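S.K.: The structure is given below, and queries will be raised subsequently.
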Amino acid sequence: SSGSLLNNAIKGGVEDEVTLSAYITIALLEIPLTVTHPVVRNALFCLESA
Amino acid sequence: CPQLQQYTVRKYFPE
């Protein structure tokens with residue numbers, strides 16, 4: 001979380017790195033993106049573990 | 001990380 005925001009009302013989450021990474025990777029996956037992709041692979045590792 | 005807190009001759013061709 002490179003936190004440089006102004007307000008947290010705009011964001012509907014708790015700023016956990018887990019949730020942040022989760023919202024990230026889901027925003028990625030809504031793009032048609034292969035699950036074998038590196039970044040998503042790492043993200044999935046995080047998701048599994050978390 | 002930065003501060004989080006904020007507000008005889010015949011010529012041939014020559015050349």
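To be explicit about the labels: the chains of the structure tokens are called A, B, and onward in the order shown, and within each one the residues are counted from 1, while ligands get numbers from 1 in the order they are shown.
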Write out, as JSON lines, each residue of chain B that has an atom at most 10 Å from chain A, together with the closest pair of atoms and their distance in Å to one decimal, counting only C-alpha atoms, rows going by chain and rising number.

M.R.:
```
{"residue": "B:1", "atom": "CA", "partner": "A:2", "partner_atom": "CA", "distance": 9.1}
{"residue": "B:2", "atom": "CA", "partner": "A:2", "partner_atom": "CA", "distance": 9.8}
{"residue": "B:4", "atom": "CA", "partner": "A:3", "partner_atom": "CA", "distance": 7.3}
{"residue": "B:5", "atom": "CA", "partner": "A:4", "partner_atom": "CA", "distance": 9.2}
{"residue": "B:6", "atom": "CA", "partner": "A:4", "partner_atom": "CA", "distance": 8.5}
{"residue": "B:7", "atom": "CA", "partner": "A:6", "partner_atom": "CA", "distance": 8.3}
```

S.K.: Give me the residues within 12 Å of residue 40 (chain A) as an MDAnalysis selection string, counting only C-alpha atoms and dropping any in the same chain fewer than 3 places off.

M.R.: chainID A and resid 21:22 24:37 43:48
